[PDB]
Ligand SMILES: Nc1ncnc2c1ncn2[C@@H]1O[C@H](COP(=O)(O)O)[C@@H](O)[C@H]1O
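The chain below stands alone and is given as structure tokens, in the form solved without this ligand.
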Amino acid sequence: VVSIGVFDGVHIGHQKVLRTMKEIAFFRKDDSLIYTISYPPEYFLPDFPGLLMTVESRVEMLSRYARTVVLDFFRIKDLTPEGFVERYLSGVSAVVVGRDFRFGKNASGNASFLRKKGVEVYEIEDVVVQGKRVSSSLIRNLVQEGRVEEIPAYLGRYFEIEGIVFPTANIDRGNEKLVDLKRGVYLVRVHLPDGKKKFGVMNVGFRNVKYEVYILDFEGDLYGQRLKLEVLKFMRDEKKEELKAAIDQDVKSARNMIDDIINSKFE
């Protein structure tokens, strides 16, 4: 069995699609394969907010669901249905995909066609959270608007900032088009290479946004190491020498949103 799609974020709606694949595989003692198109159709438009995560990260996640192969956006945006079906979908008896799904030249590919060629298609309905259709765009807007706290209800977890490499550590998020968080300061949960986990204050400021994070109760530097940050809360907005005091306020303020997040956990 196979599931075809973008899966930017691999959010609640994507999961629904992947679990169903696994359920079908189980009752057929069949094998599993996820085909993930590298980039959505508007990725190149100037008005594209950007991907929730890199294709790499996306793959590390789709992985804890089944072997995953990346279908290169260009190597397929010019194929006729026969061409696609005939090249990645052979020997395949079943495919799992979201509501309305397309895949070939001029976007003329779909369930109905797949069915005409002897392929069983499972169209998974969208997951509605609150009163909206979970989607990568919705989470994409929530990220720019800085409304992080409201992300887990759709993504199924905290929006994450991932990348390479006293005061801070600047995070290089790689070279794909990644959505950016509204500028300002955010409380974050830092996953250190150590295995250990600490909290921190992240500054997001200036087309090419920087991500610097000050880590609480932590020594040594992470130059060259990979880092993962769960973004919890939007603290204050961006603002222009009373600096050595404004950050010190932020810190003392970080501690106390931390306490209140922990407290809430004990219930």
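Basically, rigid core = biggest C-alpha set you can superpose within 1.5 Å across the two forms. Sequential numbering from 1, following the sequence displayed. Shifts are known only where both forms have a C-alpha.
Just so you know, the form deposited with this ligand bound exists too; it's not on screen, but the next bit is about it.
- Placing this ligand onto this chain by superimposing the site C-alphas, using its pose in the entry with it bound, gives at least 3 ligand atoms within 2.4 angstroms of backbone or C-beta atoms, which makes the site blocked.
- The single contact residue among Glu149, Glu176, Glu145, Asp126, judged by any heavy atom lying within 4.5 Å of this ligand in the entry with it bound, is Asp126.
- For the residues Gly104, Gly163, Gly156, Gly98, the 4.5 Å heavy atom test against this ligand in the entry with it bound is passed only by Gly98.
- Among residues of the shown chain, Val134 is one whose heavy atoms approach this ligand to within 4.5 Å in the entry with it bound.
- In the entry with it bound, at least one heavy atom of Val17 sits within 4.5 Å of this ligand.
- When this ligand is considered in the entry with it bound, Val1 lies well away from it, no heavy atom lying within 4.5 Å.
- In sequence order, there is only one run of at least 3 consecutive residues whose Cα atoms each shift by 2 Å or more between this form and the one not shown, relative to the superposed core, and it is 261-265.
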